Amino acid sequence: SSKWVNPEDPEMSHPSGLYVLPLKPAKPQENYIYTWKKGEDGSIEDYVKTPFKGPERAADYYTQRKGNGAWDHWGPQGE
Amino acid sequence: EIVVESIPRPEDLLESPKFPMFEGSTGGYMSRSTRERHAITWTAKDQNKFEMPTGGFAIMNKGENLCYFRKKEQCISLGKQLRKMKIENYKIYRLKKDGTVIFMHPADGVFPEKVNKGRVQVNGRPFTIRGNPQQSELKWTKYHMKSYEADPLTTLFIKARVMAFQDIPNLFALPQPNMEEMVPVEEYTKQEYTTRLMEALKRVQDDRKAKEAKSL
Amino acid sequence: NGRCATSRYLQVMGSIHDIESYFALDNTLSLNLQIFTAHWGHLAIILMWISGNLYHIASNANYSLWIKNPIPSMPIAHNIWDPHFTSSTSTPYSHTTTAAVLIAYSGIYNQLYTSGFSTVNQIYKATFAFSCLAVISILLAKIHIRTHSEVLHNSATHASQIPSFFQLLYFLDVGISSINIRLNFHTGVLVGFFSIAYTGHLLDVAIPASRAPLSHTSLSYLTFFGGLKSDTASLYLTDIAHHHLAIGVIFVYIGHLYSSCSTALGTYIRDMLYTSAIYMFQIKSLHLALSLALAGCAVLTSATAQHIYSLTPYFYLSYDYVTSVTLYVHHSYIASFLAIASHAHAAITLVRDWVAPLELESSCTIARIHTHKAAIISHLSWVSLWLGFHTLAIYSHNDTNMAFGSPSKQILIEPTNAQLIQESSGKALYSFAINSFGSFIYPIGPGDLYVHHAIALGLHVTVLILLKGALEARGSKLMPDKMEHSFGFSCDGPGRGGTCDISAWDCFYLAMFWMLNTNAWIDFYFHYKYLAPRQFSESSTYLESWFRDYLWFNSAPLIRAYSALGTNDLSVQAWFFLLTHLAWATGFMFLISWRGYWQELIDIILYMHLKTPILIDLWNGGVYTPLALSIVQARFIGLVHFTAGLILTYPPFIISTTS
Amino acid sequence: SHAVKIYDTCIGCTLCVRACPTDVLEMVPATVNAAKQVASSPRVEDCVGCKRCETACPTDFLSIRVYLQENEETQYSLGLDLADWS
Amino acid sequence: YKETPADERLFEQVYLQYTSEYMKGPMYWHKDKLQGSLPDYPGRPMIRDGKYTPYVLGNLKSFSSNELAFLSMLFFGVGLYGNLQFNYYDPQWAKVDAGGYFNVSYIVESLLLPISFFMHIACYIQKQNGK
Amino acid sequence: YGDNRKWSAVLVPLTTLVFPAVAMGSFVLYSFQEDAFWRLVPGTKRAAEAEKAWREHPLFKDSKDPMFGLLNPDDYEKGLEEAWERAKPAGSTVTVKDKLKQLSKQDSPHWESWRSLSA
Amino acid sequence: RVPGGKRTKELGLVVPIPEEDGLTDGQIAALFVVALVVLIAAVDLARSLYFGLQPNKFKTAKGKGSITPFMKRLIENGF
Ligand code: CLA
Ligand code: CLA
Ligand code: CLA
Ligand code: CLA
Ligand code: CLA
Ligand code: CLA
Ligand SMILES: CCCCCCCCCCCCCCCCCC(=O)OC[C@H](CO[C@@H]1O[C@H](CO)[C@H](O)[C@H](O)[C@H]1O)OC(=O)CCCCCCCCCCCCCCCCC
Ligand SMILES: CC1=C(C#C/C(C)=C/C=C/C(C)=C/C=C/C=C(C)/C=C/C=C(C)/C=C/[C@@]23O[C@]2(C)C[C@@H](O)CC3(C)C)C(C)(C)C[C@H](O)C1
Ligand SMILES: CC1=C(/C=C/C(C)=C/C=C/C(C)=C/C=C/C=C(C)/C=C/C=C(C)/C=C/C2=C(C)CCCC2(C)C)C(C)(C)CCC1
Ligand SMILES: CC1=C(C/C=C(\C)CCC[C@H](C)CCC[C@H](C)CCCC(C)C)C(=O)c2ccccc2C1=O
Ligand code: SF4
């Protein structure tokens, strides 16, 4: 009764072991970093989440990670 | 039938009525270095003092409460404590970096300890624990060093092989190949070649019988 | 795999040479070829080590001067070029205007001198030739890789018409995995013919070099005198040549036993094993072959350790007070390591190689042993308990009586059996003489008896631990399903009462401590009897003599090496005495404190790093996220620290006391 | 990740499921035993390897086995908190 | 119809027995079934019915039990004579030390004693086999 | 004597300070490669390619099958059906082919899930 | 030397030092040339060990592979 379908082997269950498909957000969160934001009137904030165009660290190790699963092994249903 | 809650990203949900009244500590998730989160949402009839898995204590709001953590372990421990307090409506979600919400703990809406229809055994083995095949028997195969993952048919086949190979006196020794008769792959029927191989094997067996009967 | 922690390096380094565990090592063909190439590289390393020793003797050392006056002179190992040394004044290792030098305690000088080296030019030619041999070894590795690749290509390109072409899958590594031909050629050429060749070398080079007057090589160079020539205090070279001739002839004869190149001659090892008492085993098992080779090498290393000291084979080697002790201790330690290695690889064979029959079937030696492993272990435990109880109790009785001041009250059991064997050997040797052997017969007393029983205790307990590990590797009453798990795994959880040190690798870890203890006992016995034969004979019956007359008394020169008064040539030994003490103590940390505490501490340190202002914006911690060492990793690291400290703190002591 | 396997000796007492710290296990209908249920391990990716299921298993030898795989360690099986591999 | 655990065990037993016979047969090829592995070399079965075959004697399988017995006895006598003469009743150590050569007869003779031993085990094997 | 120390002045540093530092830096650089330790770290493209090459080779194309070795699978199956027919309990609907398929199939979706990284 | 050994001081054992170094610069250079050859060969061997066997070679490599007659005889003989 699990909606998840195993991509590698349809007969077996999905590696996730879940029964409800994921819910996508209205707009996916964009990459950001916590930095200061000088207030233009002498003030300054400490942890201000500000957009970041690309990966904070462009190493192949960092960028290869998609978060779909432990090894990104979940099918398209993971997203 | 199960509906997945919105569960906005913690960075977006700075202040919410759902969050319980808790002291705060340095045991919370590191926001600078991690992005994956786990949200636990439950409903409480009264404000019961409870201990946060991350440091200090907390007070749950009468109504809907939502908490954020870094690990499913923390979420599950909090859920166990809530169950001890008789709060059975709690749900756990995994929040990816991009906001995708995956409903995790009551995977099908029924607690795992309670049996539910539509559940099929996973990682189940049809024999006693010692029924697994010998690790040395399946070497240089799919299960080179994982005898606890061999299929039941493979286990049965390997067991039968080890029983078969005890009877040393009558075991067919594989004929030594004639390396002279080698030709290029480019240079018939599969059944016909099998039949020819069988004629060759019978000839080998007859020759072996004659050779052994010569002096015996 | 980008997702990794700092445990990645340790996990890899723990199995870098575990070729069987390699990913994408599909078949025994790949395994055997990789092992063969590794063997070639190892031979290259050995030859480079020999070449380096020879080069440093030739260049940095004083071989030519030493051979003129070997008795009082001391060989030089190599120069010291260390900027950290004092520059204002001369160091203890210099002649106040000369390069610093180290004395050599390896006996390589005696080896070369009795081999027939007379000039540094010969040593240089040898350095050159052994470097060329290393080149040849590496090139042979490359050649064999290419040849095996060419056979796979051929098998791919050509196919037998019948469907049995897949049978060729088994014979691709025949050259590396064939046993009959390998045995024949090893025992005939690599051993017997090598001995005959060395006899030829002796007759041509060593005998004329030793003998001042020229004499043509003849049967007069082959003799059967015995004992040590008085002048060199070593075995007659003429006897060594006959010895090697005889052994070479015998083994050349034995090297025709098996069928190697043709099936018309020789017998089969499968057939011998099948018809012999030992039913049969996985002779193909590389781990089993390694275990047998290691056991043989261990026994031979022990034999050489004892016999080089007993019967001096090298010129003036006995005169070198330090070199004798160093050689004995070195080869004793190597032998102990090889023995425990054979045991560990037998355990690994059982874990992942042996094909056990069904339970009730008892046809092979291994199955028969597994039937009564419980009896074996119980009896070994009984013997160990008896030996320990009685040795320690007699020693403590003597200790208390000596402390109260009554030596007459000591229990002193005369070694009657050993004395009878020694007297029979002496009778045989005296008959031969009527028709000298130094250190082959020693006084032997009750102290010797007690020390021998202590060493027997050590051996029995080491074998107990190793046998228990081997025979419980596949399964155990506590962990019946131990075959599925790897050779070395952390634990099985705190359930079932707790399962620390439950793996066969954990039994090896435990037996390593014992090996070190029993080897320390052996070395202490040899060193004490060597330094003070009379004091050892009179006082070695109680442990306070060992603690006072051996350690505390002889520790003075080493600790006094460098002080506020000054330094001498043993200052380096004194600094390595303390460095190794520190290494041992560090190993205690990994052995005692286990992983959870250190993981939580690492978590706190990681929190601090991620909270630091500058460092957080550069280092996320995602890649190679720091972690505490795994349970097995820490066990191994603590064992390595313990072993390094224990082993390396002794040579400084022996050098200080015997120099 | 670790390998959590269940064998038919299982009697369906649910103690493993109740002892699971990260909810890796769940009871499923079965006919092999009298309880008519057997523990399963669908979410083995979350298994940390604490062997609390193994501790709580009653059977003479365990009907649930956790095989540790240190080479295939993931962040979920390592319980990583300060660092994120996702 | 429901397939009960007893039925599954019956299927397992029949499969085990039949397929074990098949693996023993020539239809199944495994690395353990090569020459030099478990199975006996073709045409040279060493052990049959739990009894050593003449092939265990190698090239002596064609020798009759009577002549094997005679050879073993003769070799034992000659080798024992040579050993005793060399060791006790005609020692050669003194002569060799003086400089003379050994009595070549004794050295070659003494090797016959172990040869005599193995020739008796071969004689027994041949006799026990009806030859 | 000792005039060869000019060699040492260049070699001892170059061998014990420069070479080790270069090796350590190179090792750190190598650790971050796609295939750092492909023969001991699971889920590497190089390891997957090597396995696929072995599979491509004719001799080893199906050497990883635990059941490999049956010269005549059809005859083996026919004999197994005959045996099951003789040993069949009365009113048994279990067929040899169906039973073999069921036993071959299992539910272990978490075995070597790292294969996805490589492919 | 400043000896620190009791036996050395008692018996007057000495570490004689030559007047001239044993080997000359040319000899050391020749030994270093041989060592360099060893190093090049060793780097090649390490690369070969790292990369292992290449079964794909039959697809593109020149030639058709070859087995020595002695190797064929060994294969026919068996183990
Ligand atoms: C600050 C302390 C210090 C330092 C830094 C050194 C440094 C040195 N001493 Mg030492 N020395 C010291 C104190 C110190 N000493 C003291 C207090 C004494 C007593 C007075 C001495 C007495 C002494 C003597 C008598 C000699 C030295 C020598 C040397 C040199 C060794 C060169 C060599 O071959 O290295 C090579 C190092 C090794 C083979 C050991 C490596 C061990 C580690 C654990 C690595 C193991 C390998 C592993 C696989 C890792 C590889 C990683 C790599 C690839 C990156 C070096 C310049 C020797 C010399 O002059 O050589 C020319 C020498 O003969 N020293
Ligand atoms: C870690 C391992 C180890 C180490 C470091 C040592 C260290 C030592 N051993 Mg050795 N040894 C070991 C293991 C080890 N051993 C083992 C396991 C055994 C048992 C088999 C022995 C048995 C042994 C003996 C019996 C002796 C030593 C000796 C020595 C000393 C070396 C002398 C030397 O190199 O002369 C320099 C070498 C030469 C001048 C010539 C070497 C000749 C060989 C045959 C070279 C190789 C041949 C080459 C490949 C041929 C080319 C091919 C062609 C023929 C076709 C030194 C204390 C000797 C000793 O104590 O001396 C005082 C000694 O007599 N060892
Ligand atoms: C990649 C790493 C690596 C490295 C560096 C080595 C290095 C070595 N391996 Mg190899 N090996 C490896 C991986 C590796 N191995 C792997 C993964 C396996 C699979 C398990 C093996 C399996 C293996 C086996 C089976 C053997 C080796 C051996 C050797 C040696 C090669 C030849 C040599 O120079 O011997 C130099 C050795 C000598 C000069 C000493 C010769 C004397 C021998 C060792 C003892 C003979 C005793 C005899 C049988 C009985 C005497 C009886 C008497 C007492 C009456 C060397 C120590 C051989 C060896 O010597 O093992 C101890 C060996 O037999 N290896
Ligand atoms: C001599 C033995 C020994 C040593 C060296 C240490 C060392 C340490 N222990 Mg202790 N420990 C020991 C035994 C030892 N332990 C034992 C037997 C146990 C079991 C009971 C423990 C149990 C234990 C615990 C439970 C804890 C410690 C802690 C510590 C750390 C203290 C803080 C620190 O690092 O400052 C001092 C560090 C040193 C003195 C190390 C040597 C530094 C030298 C002098 C300088 C290095 C020079 C140079 C850079 C070297 C380069 C070499 C390279 C080129 C080859 C330190 C790593 C605590 C910790 O980690 O706190 C942060 C901690 O929590 N230990
Ligand atoms: C250890 C004891 C032993 C045993 C029980 C056997 C048993 C057997 N061997 Mg033999 N064999 C041995 C040792 C042994 N061998 C040795 C040491 C060698 C190496 C020389 C051989 C080499 C060998 C070969 C090449 C062959 C056999 C074969 C046989 C079979 C026939 C024997 C026969 O006819 O003997 C009766 C014959 C004799 C007594 C004459 C032997 C004369 C030669 C010169 C050898 C004697 C050497 C001597 C013992 C050592 C001299 C030492 C020196 C100091 C003088 C039989 C299975 C044959 C077979 O059928 O194999 C399948 C075969 O082809 N063996
Ligand atoms: C394995 C043998 C060996 C060993 C242990 C040593 C040890 C030493 N040599 Mg070297 N040396 C060797 C062979 C060896 N040598 C050979 C064959 C030659 C002739 C070319 C030389 C020529 C030489 C000179 C001219 C000098 C030294 C010196 C030294 C010292 C510092 C290191 C150095 O400068 O190296 C420099 C030497 C080389 C780079 C040549 C190659 C050395 C060997 C073959 C490397 C073997 C590597 C090993 C197998 C694996 C390493 C793995 C690594 C990744 C951890 C030290 C005592 C110095 C000295 O005496 O200081 C007081 C010095 O001036 N050596
Ligand atoms: C100097 C003279 C005196 C000292 C002599 C040396 C010390 C004594 C030797 C140590 C005693 C044990 C020896 C046995 C070795 C094999 C054991 C083993 O593999 O198990 C070690 C085990 C293997 O690892 C385990 O394997 C299991 C499978 O069997 C499982 O997978 C486990 O999860 C896994 O942890 O544990 C480790 O991984 C240990 C971590 C190793 C970390 C080392 C990294 C740093 C290396 C620096 C030093 C250079 C190395 C090269 C040396 C150069 C020499 C020319
Ligand atoms: C290229 C070309 C052509 C050409 C050409 C010609 C004429 C080329 C000529 C090339 C020439 C004439 C090249 C000499 C080299 C000498 C060397 C390398 C000497 C090294 C010597 C060494 C390395 C010795 C070293 C040492 O041993 C010494 C001596 C002392 C010892 O202590 C140790 C050391 C190690 C120090 C053709 C044929 C005309 C047409 C074609 O179409 C293209
Ligand atoms: C003199 C001269 C010259 C040259 C010089 C040089 C440049 C040198 C160099 C030198 C060097 C720079 C050397 C080095 C060496 C090294 C070595 C010799 C090593 C080796 C190694 C080995 C043998 C081993 C290895 C291994 C390992 C360790 C691991 C694994 C893998 C292997 C096995 C491979 C010239 C020509 C210009 C001119 C003339 C003169
Ligand atoms: C001290 C200690 C630690 C902590 C020690 C750790 C994590 C290792 C400390 C690191 C040392 C100092 C080496 C690091 C040196 C450089 C960072 C090397 C980097 C080079 C790489 C490319 C290999 C444990 O984790 C542990 C676990 C289980 C039992 C005992 C212990 C234990 O005693
Ligand atoms: S974690 Fe440590 S203490 Fe706990 S059972 Fe495992 S080995 Fe024993």
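To find a chain, count down the sequence lines: A is the first, B the second, and so on, and within it residues start at 1.
- Exactly one of C:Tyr650, C:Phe526, C:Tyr333, C:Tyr105 qualifies for a ring-ring contact (aromatic ring centres under 6.0 Å, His included) with C:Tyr328. That residue is C:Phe526.
- Within a 6.0 Å sphere centred on NE2 of C:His95, heavy atoms belonging to other residues, nucleotides or ligands number more than 12.
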Practice item. Starting from the C-alpha separation in whole Å, work towards a yes-or-no answer on side chain to side chain contact (heavy atoms under 4.5 Å, CB included) for C:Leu294 and C:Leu292. Key: CA-CA 5 Å; C:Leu294 282 158; C:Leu292 274 156; over 6 Å; no
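- Taken to the nearest 0.5 Å, the OG1 atom of C:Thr217 stands 8.5 Å off from the CD1 atom of C:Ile207.
- Two rings, from G:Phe32 and F:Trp7, have their centers less than 6.0 Å apart.
- C:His242 contributes no side-chain N or O that, together with a main-chain N or O of C:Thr238, makes up a donor-acceptor pair within less than 3.5 Å.
- Cation-pi geometry between C:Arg182 and C:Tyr258 is not met at under 6.0 angstrom from the ring centre and within 45 degrees of the axis.
- Other residues, nucleotides and ligands contribute at most 12 non-hydrogen atoms within 6.0 Å of the CG atom of C:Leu219.
- Between the side chain of C:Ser656 and the main chain of C:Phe653, a donor-acceptor pair closer than 3.5 Å is present.
- Of all heavy-atom pairs between C:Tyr319 and C:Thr232, the closest is CE1-O, 4.4 Å.
- The backbone N or O of C:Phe225 lies less than 3.5 Å from a partner atom in the side chain of C:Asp239, making a donor-acceptor pair.
- How far CG of G:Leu31 is from CD of G:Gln27: 8.0 Å, rounded to the nearest 0.5 Å.
- Donor-acceptor pairing under 3.5 Å is lacking for the side chains of C:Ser90 and C:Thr96.
- Under the salt bridge (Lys or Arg N to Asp or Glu O under 4.0 Å) criterion, C:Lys229 pairs with no residue, sequence neighbours left out.
- Taking the ring centroids of C:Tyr530 and C:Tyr321, they lie under the 6.0 Å cut-off.
- Note: C:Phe536 and C:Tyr525 meet the aromatic proximity criterion, with ring centroids under 6.0 Å apart.
- Nearest heavy-atom pair, F:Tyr1 versus G:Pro18, reported as atom, atom and distance to 0.1 Å: CB-O, 3.1 Å.
- Across all non-hydrogen atoms, the minimal contact from C:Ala339 to C:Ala298 is N-CB, 3.4 Å.
- Side chains of C:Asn79 and C:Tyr93: a donor-acceptor N/O pair is absent below 3.5 angstrom, by distance only.
- A 6.0 Å sphere centred on NZ of C:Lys68 holds no more than 12 heavy atoms belonging to other residues, nucleotides or ligands.
- For the residue pair C:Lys125 and C:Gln122, no side-chain donor N or O sits within less than 3.5 Å of a side-chain acceptor on the partner.
- Aromatic ring centres of C:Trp49 and C:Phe130: separated by at least 6.0 Å.
- Listed for the E:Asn83 side chain is a donor-acceptor partner under 3.5 Å among the backbone atoms of E:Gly79.
- For the atom pair CH2 (C:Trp66) and CD1 (C:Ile71), the distance works out to 8.5 Å, reported to the nearest 0.5 Å.
- No side-chain donor from either of C:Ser310 and C:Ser439 sits under 3.5 Å from a side-chain acceptor of the other.
- A side-chain N or O of C:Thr657 and one of C:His527 form a donor-acceptor pair less than 3.5 Å apart.
- C:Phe224 has its ring centre less than 6.0 Å from the ring centre of C:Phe432.
- When only modelled atom types and interatomic distance are considered, C:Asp523 and C:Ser332 share a side-chain donor-acceptor pair under 3.5 Å.
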Review point. Under the side chain to side chain contact (heavy atoms under 4.5 Å, CB included) criterion, do C:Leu237 and C:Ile240 qualify, and how do the steps go?
Key: CA-CA 5 Å; C:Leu237 215 44; C:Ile240 298 172; 3.9 Å; yes
Show which side-chain atoms of residues 98-109 of chain E pair as donor or acceptor with protein atoms under 3.5 Å away, not counting sequence neighbours.
residue: E:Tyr106; atom: OH; partner: E:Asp90; partner atom: OD2; Å: 2.8

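- C:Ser431 places a side-chain N or O within donor-acceptor distance of the main-chain N or O of C:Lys427, the cut-off being under 3.5 Å.
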Point to revise | CA sep, side-chain torsions, deciding dist, call: C:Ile308, C:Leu317, side chain to side chain contact (heavy atoms under 4.5 Å, CB included) | key: CA-CA 9 Å; C:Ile308 277 178; C:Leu317 178 51; 4.0 Å; yes
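- The heavy-atom pair separating G:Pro3 from G:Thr8 by the smallest distance is CB-CG2, 3.5 Å.
- Checking C:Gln422 against C:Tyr442 by side-chain atom types alone, no donor-acceptor pair falls below 3.5 Å.
- Here the straight-line distance linking atom CZ of C:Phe117 with atom CD1 of C:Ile57 works out to 9.0 Å at 0.5 Å rounding.
- Judged by distance alone, the side chain of F:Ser8 and the main-chain N or O of C:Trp81 form no donor-acceptor pair under 3.5 Å.
- For C:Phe193, the CZ atom sits in a loose shell: 12 or fewer heavy atoms of surrounding residues, nucleotides or ligands are nearer than 6.0 Å.
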Practice item. Apply the test side chain to side chain donor-acceptor pair (under 3.5 Å) to residues C:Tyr113 and C:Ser118: give CA-CA distance (whole Å), side-chain angles for both, the deciding distance (0.1 Å), then the verdict. Key: CA-CA 7 Å; C:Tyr113 192 22; C:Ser118 293; over 6 Å; no
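- Atom CD1 of C:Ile196 sits about 11.5 Å away from atom NE2 of C:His244, to the nearest 0.5 Å.
- Here the side chain of C:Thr147 pairs a donor or acceptor atom with the backbone of C:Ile143 at under 3.5 angstrom.
- In this structure, C:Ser234 and C:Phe315 approach most closely via the heavy-atom pair OG-CD2, 3.4 Å.
- Checking side-chain atoms of C:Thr199 against main-chain N and O of C:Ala241 turns up a donor-acceptor pair under 3.5 Å.
- Checked by atom type, the side-chain pair C:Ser94/C:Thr91 shows a donor-acceptor distance below 3.5 Å.
- In the model, C:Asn519 has a side-chain atom that pairs as donor or acceptor with a side-chain atom of C:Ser336 under 3.5 Å.
- Residue C:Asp569 comes nearest to C:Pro92 through the heavy atom pair N-CB, 3.7 Å, listed as atom of the first residue, atom of the second, then distance.
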Practice item. Test side chain to side chain donor-acceptor pair (under 3.5 Å) on C:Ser51 and C:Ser131 and set out the steps. Key: CA-CA 6 Å; C:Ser51 170; C:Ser131 298; 2.8 Å; yes
Exercise for review: Determine, step by step, whether E:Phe86 and E:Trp93 satisfy the side chain to side chain contact (heavy atoms under 4.5 Å, CB included) criterion, reporting the C-alpha distance in whole Å, the side-chain angles of both residues, the deciding distance to 0.1 Å, and the verdict.
Suggested key: CA-CA 9 Å; E:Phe86 181 91; E:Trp93 306 118; 3.6 Å; yes
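- Taking the centre of each ring, C:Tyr109 and C:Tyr63 come in below the 6.0 Å mark.
- Within a 6.0 Å sphere centred on NZ of G:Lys6, other residues, nucleotides and ligands contribute more than 12 heavy atoms.
- C:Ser425 contributes a side-chain N or O that, together with a main-chain N or O of C:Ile421, makes up a donor-acceptor pair within less than 3.5 Å.
- Residues C:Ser210 and C:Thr114 form no side-chain contact, since every pair of their non-hydrogen atoms from C-beta on lies 4.5 Å or further apart.
- With sequence neighbours left out, C:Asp448 forms a salt bridge (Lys or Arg N to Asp or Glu O under 4.0 Å) with C:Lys529.
- Here the straight-line distance linking atom CD1 of C:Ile45 with atom CG of C:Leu47 works out to 10.5 Å at 0.5 Å rounding.
- The backbone N or O of C:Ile76 sits less than 3.5 Å from a side-chain atom of C:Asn62, completing a donor-acceptor pair.
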